[PDB]
Structures are given as C-alpha cells and as structure tokens.
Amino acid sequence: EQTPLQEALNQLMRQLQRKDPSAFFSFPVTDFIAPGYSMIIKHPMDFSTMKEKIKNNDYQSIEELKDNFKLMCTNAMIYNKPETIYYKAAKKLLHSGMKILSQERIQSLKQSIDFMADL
C-alpha cells in the first residue's frame, strides 16, 4: 500500500537508474573501494538509500528526492577528479537527471498526486 507520492517517486527513481546502466550509483560507496570517502564526503547518497527513503515514506516532495539526486552526483564530482570515469559519468547523469526531474514534469505529477486526495 503506497501513496500516489511514493509511487511517483519510484517511477522517477527507475527512470533515473536507467541513465546509469553501469550501476555506478546503485549502492553506497565504501571506504574499502574508495579510501577516505567517509572523511571527504560528509553526506553520502546513492540510489539504494533513496529507494529506502521512498519505501519508509521519508520523502515529502519530489524536490527532496531531487535534492538527494543532485547530492549523489555532486559527491562523485568532489571525490573523483575530472578525468575519472566516475566524474564524467556523474556529470552526465546529473545533466540527464535534471531533465527528468524538470519543473515541467514535477508539476504534472503534483497535479495528479493532488487529484488523488480529498476524494
């Protein structure tokens, strides 16, 4: 049993994950695979945590999910240097994600979500 907001967040989530076919951003970055990551990135974020926040109804607006998505890409652009494949994939993912999470699309969903309340 999910609210219209939760289901809209999951559809956007699945569309965002299709822009990351390499699964670079599907799971948290550990210190084991990236030394000093916990000491450099103060607010780590990844697709798995965002999906967990959706299922626990932690997200309030699509904008909050969009803020986490921006944080996810910018984190990779701080820890990784501009030549790295992680930096370049994060830059491309962020740009694609901003078109998906555009104010135009966030709006069509806000109306449909609202129309599913108050009968």
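From 1 onward, residues are counted along the sequence shown.
Look at the mean CA B-factor for 66-74 and for 50-58 in the entry; the higher one is 50-58. Ranked by C-alpha B-factor against the other modelled residues of its chain, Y37 falls in the middle third. When all modelled residues of the chain are sorted by CA temperature factor, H95 is found within the middle third. The deposited CA B-factor of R18 belongs to the highest third of values across its chain. Looking at the C-alpha B-factors along this chain, the one for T84 belongs to the highest third.
Per-chain ranking of the deposited C-alpha B factor places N10 in the middle third.
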